[PDB]
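Those sequence lines, one after another, are chains y, o and b.
Letter by letter, the first sequence follows residues 3 to 176, 264 to 440 of the deposited numbering.
Letter by letter, the second sequence follows residues 1 to 88 of the deposited numbering.
Letter by letter, the third sequence follows residues 8 to 225 of the deposited numbering.
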Amino acid sequence: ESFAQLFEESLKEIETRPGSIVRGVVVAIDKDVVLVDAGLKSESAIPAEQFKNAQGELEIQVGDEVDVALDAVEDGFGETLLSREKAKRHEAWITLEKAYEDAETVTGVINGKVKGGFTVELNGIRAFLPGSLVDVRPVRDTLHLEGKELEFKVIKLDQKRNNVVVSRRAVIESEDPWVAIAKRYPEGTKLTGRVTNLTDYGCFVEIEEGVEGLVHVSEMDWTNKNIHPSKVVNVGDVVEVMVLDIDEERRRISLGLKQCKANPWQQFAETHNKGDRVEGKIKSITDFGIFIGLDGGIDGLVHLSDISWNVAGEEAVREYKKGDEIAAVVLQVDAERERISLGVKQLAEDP
Amino acid sequence: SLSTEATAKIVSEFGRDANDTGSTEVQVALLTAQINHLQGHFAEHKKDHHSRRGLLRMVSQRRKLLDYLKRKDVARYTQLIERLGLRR
Amino acid sequence: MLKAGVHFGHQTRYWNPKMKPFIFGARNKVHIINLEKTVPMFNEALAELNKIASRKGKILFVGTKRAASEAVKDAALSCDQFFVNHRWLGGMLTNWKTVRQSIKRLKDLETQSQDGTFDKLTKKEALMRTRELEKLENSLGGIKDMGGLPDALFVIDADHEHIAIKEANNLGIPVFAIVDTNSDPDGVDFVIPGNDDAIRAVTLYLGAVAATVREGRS
RNA sequence: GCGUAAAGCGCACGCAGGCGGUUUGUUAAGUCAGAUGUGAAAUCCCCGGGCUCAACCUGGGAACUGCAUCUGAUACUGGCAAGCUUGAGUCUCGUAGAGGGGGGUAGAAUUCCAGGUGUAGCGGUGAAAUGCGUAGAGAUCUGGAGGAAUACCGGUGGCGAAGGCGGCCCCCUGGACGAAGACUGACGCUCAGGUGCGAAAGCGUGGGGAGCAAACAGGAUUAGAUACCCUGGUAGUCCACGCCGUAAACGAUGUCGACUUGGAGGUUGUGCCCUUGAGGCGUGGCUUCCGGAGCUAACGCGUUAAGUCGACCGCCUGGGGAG
RNA sequence: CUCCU
Numbered sequence: 003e004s005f006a007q008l009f010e011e012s013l014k015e016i017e018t019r020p021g022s023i024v025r026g027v028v029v030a031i032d033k034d035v036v037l038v039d040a041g042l043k044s045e046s047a048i049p050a051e052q053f054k055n056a057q058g059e060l061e062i063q064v065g066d067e068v069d070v071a072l073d074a075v076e077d078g079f080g081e082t083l084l085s086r087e088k089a090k091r092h093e094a095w096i097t098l099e100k101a102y103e104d105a106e107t108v109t110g111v112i113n114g115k116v117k118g119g120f121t122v123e124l125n126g127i128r129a130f131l132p133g134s135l136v137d138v139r140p141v142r143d144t145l146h147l148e149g150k151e152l153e154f155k156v157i158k159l160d161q162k163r164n165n166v167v168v169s170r171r172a173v174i175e176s264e265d266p267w268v269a270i271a272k273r274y275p276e277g278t279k280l281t282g283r284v285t286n287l288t289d290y291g292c293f294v295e296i297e298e299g300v301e302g303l304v305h306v307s308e309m310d311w312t313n314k315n316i317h318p319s320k321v322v323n324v325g326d327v328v329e330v331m332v333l334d335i336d337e338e339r340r341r342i343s344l345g346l347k348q349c350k351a352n353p354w355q356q357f358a359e360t361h362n363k364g365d366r367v368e369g370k371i372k373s374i375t376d377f378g379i380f381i382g383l384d385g386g387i388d389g390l391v392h393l394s395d396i397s398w399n400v401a402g403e404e405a406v407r408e409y410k411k412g413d414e415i416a417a418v419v420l421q422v423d424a425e426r427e428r429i430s431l432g433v434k435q436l437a438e439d440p
Numbered sequence: 001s002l003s004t005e006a007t008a009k010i011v012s013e014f015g016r017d018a019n020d021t022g023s024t025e026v027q028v029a030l031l032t033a034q035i036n037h038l039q040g041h042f043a044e045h046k047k048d049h050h051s052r053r054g055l056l057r058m059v060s061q062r063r064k065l066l067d068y069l070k071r072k073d074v075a076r077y078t079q080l081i082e083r084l085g086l087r088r
Numbered sequence: 008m009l010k011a012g013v014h015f016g017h018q019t020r021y022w023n024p025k026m027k028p029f030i031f032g033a034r035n036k037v038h039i040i041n042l043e044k045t046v047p048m049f050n051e052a053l054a055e056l057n058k059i060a061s062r063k064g065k066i067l068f069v070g071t072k073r074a075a076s077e078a079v080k081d082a083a084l085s086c087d088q089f090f091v092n093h094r095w096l097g098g099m100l101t102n103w104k105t106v107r108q109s110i111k112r113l114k115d116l117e118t119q120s121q122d123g124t125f126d127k128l129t130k131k132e133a134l135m136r137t138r139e140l141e142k143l144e145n146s147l148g149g150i151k152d153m154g155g156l157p158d159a160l161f162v163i164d165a166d167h168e169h170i171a172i173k174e175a176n177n178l179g180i181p182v183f184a185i186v187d188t189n190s191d192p193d194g195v196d197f198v199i200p201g202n203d204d205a206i207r208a209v210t211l212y213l214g215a216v217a218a219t220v221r222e223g224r225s
């Protein structure tokens, strides 16, 4: 009657829009899809990756209750935005309590600064803070035992864009984005940003209080063109990214992501690039002037036809080595620019 | 363009009061004061066709109001065209 | 009453304007189906189901929806009724004259492959004739034991299986569907304004229909 | 019948003409009803009769769709009188806008001229040549002159009846829109003839002439090339005053008014509330797209209709000859 | 060439 009308305003009263009221009971689990029912229209297609805690395995069976989020309705069929963000609000509440407490005490362990402030991780999540926040004074946790246990004492938070730098060790001690866009600027300030949508040319990681970043396709990895960003990173995930460029007009901060496994390649050039170190490597495709061993984490094109034996020109590597086989090959040159290591195979015992 | 003191002067001069602003003698008097004002603007400038179309518009508006007033009350029609000064 | 499943209302803005009798625009720009009018229509549907199933008639259950897939098989094999849940073939009812011998291929092929030449020719031939059986099995499995034209069609989404409705309106089958807010209640005889995309709802509506069928068979 | 088949004036104003919101009273002109006179006879039609039947002749009627007069009816239309406010119009506040006319000014660039540095090419093409350059070109710098158009903003954005209107500032000036009231009281819509405005080209008079560019010259291309391409280059493009009065003047859709499911946007006002946050709910105007019924020969149109209707106007009647 | 939902 008005039973139903009253019933409706009752059910309005006993739900809210965000991920606040822990209501969805997990009513089917299957890898790789969780699904709940928080009194909304449909049932969420939950990833498994919003629900495994800190070492990789699941924590919640049938009947268990986490709130999710809302304010977005119907993309065709379905209901939600993920409950993991839910969690962010809880983290915010604890941070507020510390600010509110006047302080927040947990554990903060910060080994190093991607962009000038040690990284602090609380429970599952890891956050990035400005450089001062990690240490109370000039103590520096580089001399501390690695990934040490303290808490976090807050140094600085940016209040809009979420960057929090927190205080390790020293227990005793106790319009809007675009005018002053010089904070994360200077050349390479690393950031932790969640990606939003990957537009087949891009990835759109954008976190720092109402901005837009791209990390488009050219860097992303250490392969250029065949990459397809959906395969290589994620959807909705907080990553390694830094600015590389901010354009004042046109409002296009052009971030990057290759500032990572670039270092691995450098190590390969070095690590085994000290002089003439020997390597056990597997060939992948012999292209009539070489053999292309490509073991050791993405180091590209290698041994030329000129060595291969103690005969120069007549050899044709398909006749002499193999397809897909691990061999003797030592380094002989790493060229830092133009990304050419040039291994060899004549360094053996025939003469 | 026919400032507010001029319009209040003509409303109070031809109407009943400062509220009877939409009667026929008042509307004819405001259109006539406007036309006789714009004759100085079309004395020079000679080529403002987009404004002269507004002039011809309020000329025909004045003529249809005078045709209504001549049809209803010939007494105030003669008092208005003789008080105001028109008819070729 | 939102009894046990949550069947309150739907999508946002692309409502079919023929369903102006069932709307309440909520604060989140989402429609609320009039739940105090849903229940008389649902009872007017079940009062027909007891009649035509106590006729000893055949109900055909239709819903794919990627989520109401198993609720139709589970909630329809509990009765003595028949279902189509994976893929709706174009012309299973009005071209049933040629769907018939495809059913003969299914029954006449699992007859050969439960005991007969399911190993006697080639491992590749088992990989062909078996794959044929798993292709026809979740395409004709629920309609396999029917052997006739159905007397009713219970559609769970008019907007998703609108060609099954027009299909069984070329011929004289009384269809009835639970419609969404964006669905079209034109071919549907006994319209049920409610939730098409909730697993709770396709448990509730289809479960009460399942009670009216087997409880209705006297 | 008139978006594309033939057919909506290029767009307006506007006299005669046509049409007209709503209430009351009067009139009875239109309108309706009856009656009388008349509407010749023959002919058509009906029911009969006579020629042996029929054709034919003929009795009686009906009809002669009308006109005039008298008597009434007064719902509608019209005439007259008195109103009413919804249609229309006026006033008080603002609001946005490449709306128009006149005047002034700014920066970049192109061209030329004078000077400096400097020397062997420049320019152009699909390739080339004609052309310019050792008389110092092209480039680079400084200065000056003159003309024209206003990058970015620039927005299936804005304004205008249409044509159309883009730097910035001033002066004179038209229209639209909305909120709250007041005022007049049908003053309205359309409009043959008429009058006005009307891109570009062109014509006349007088200026001005950077860049571009018909004609024209030359080089190519080609079988030919009165062309496309290149190098030059005069009318014209610009201004002031007159004329011309046409355009694929196009939404190929006359104007005005009413009604009839939705969605996504743009732009421009405004009201309320927690402006407490770029917030939420409504409300007017103009406009873009997609689609519903309905319509259409289909394509498509689809609340800004090509849907349902009403008022007035223009136009079409096979193709060519022929606008 | 790379600024979307």
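C-beta: ideal position from N, C-alpha, C; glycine also.
With distances taken Cα to Cα, identify the nearest neighbour of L160(b) among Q121(b), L100(b), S85(b) and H93(b). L100(b)
By Cβ distance, which residues of its chain are closer than 8 Å to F90(b), with the 5 residues on each side in sequence left out? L67, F68, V69, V79, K80, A83, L84, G149 and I150
Using a threshold of 7 Å, is the CB atom of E51(y) nearer than that to any non-hydrogen atom of the ligand NAP? In the structure on display, the ligand NAP does not appear, and there are no ligands present to speak of.
CB contact flag (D326(y), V284(y), <8 Å): yes
Measure how close the beta-carbons of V11(o) and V26(o) come, nearest whole angstrom, since I'm counting them as under 8 Å. 6 Å
Counting C-beta neighbours from all protein chains within 10 Å, is the total for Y77(o) 16 or more, i.e. buried, or is it exposed? buried
Among the residues of its own chain, which have a CB less than 7 Å from the CB of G65(y), if the five just before and after it don't count? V27 and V28
Using only the alpha-carbon positions, how far apart do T124(b) and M135(b) sit? 12 Å
Is the shortest distance between the beta-carbon of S44(y) and the beta-carbons of chain b less than 8 Å? yes
Name the residue from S146(b), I199(b), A60(b) and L96(b) whose alpha carbon lies nearest to the alpha carbon of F29(b). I199(b)
Which complete alpha helix (DSSP H) runs does the region 300–384 of chain y hold, if anything under 4 residues is left out? 318–321 and 351–360
Less than 8 Å between the beta carbons of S176(y) and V156(y), yes or no? no
Under the three-state reduction of DSSP, which class applies to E276(y): helix, strand or coil? coil
Roughly how many angstroms lie between the CA atoms of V195(b) and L83(y), to the nearest whole one? 34 Å
Close beta carbons around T121(y), own chain, < 8 Å, minus the five adjacent residues each side: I112, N113, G114, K115, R128, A129, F130, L131 and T281
If you follow the alpha helix (DSSP H) that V28(o) is part of, which residue opens it and which one closes it? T24 to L38
Buried or exposed for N92(b), going by 16 or more other Cβ atoms inside 10 Å? buried
Contact with chain y by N57(b), beta-carbon distance below 8 Å: no
Validate contact between the region 329–339 of chain y and the region 401–408 of chain y using beta carbons, cut 8 Å, 3 pairs: no
Name the residues in the region 183–216 of chain b whose C-beta lies less than 8 Å from a C-beta of chain y; which are they? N202, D204, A205, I206 and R207
Below 7 Å on C-beta distance, what does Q18(b) contact in chain y? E76
Output the residue ranges of the alpha helix (DSSP H) runs that lie fully inside the region 8–69 of chain b and measure 4 residues or longer, sorted by chain position. 42–60
Between the Cα of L346(y) and the Cα atoms of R407(y), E359(y) and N323(y), which residue gives the shortest distance? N323(y)
May I ask you to list the residues that DSSP assigns as paired with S146(b)? Beta-bridge pairing links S146(b) to no other residue.
What is the DSSP secondary structure of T7(o), reduced to helix, strand or coil? helix
Note down the Cα distance separating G97(b) from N315(y), rounded to an integer number of angstroms. 40 Å
With a threshold of 7 Å on Cβ separation, who are the neighbours of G58(y) within its own chain once the five nearest residues in sequence on each side are excluded? none
Since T45(b) contacts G201(b) with CB under 8 Å, what's their CB separation in whole angstroms? 6 Å
By how many angstroms is the C-alpha of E55(b) removed from the C-alpha of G223(b)? 10 Å
Within chain y, partners of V13(b) - CB distance below 7 Å: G41
Helix, strand or coil for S430(y), going by three-state DSSP, please let me know. strand
Chain y beta carbons: is any one of them nearer than 8 Å to that of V69(b)? no
Give a yes or no on whether 8 Å exceeds the smallest Cβ distance from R366(y) to chain b. no
Spell out the partners DSSP gives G26(y) in its beta bridges. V68(y)
Does chain b have any CB closer than 8 Å to the CB of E10(y)? yes
When DSSP builds the beta bridges, which residues end up paired with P266(y)? Looking at the DSSP assignment, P266(y) forms no beta bridge with any residue, so it has no partner.
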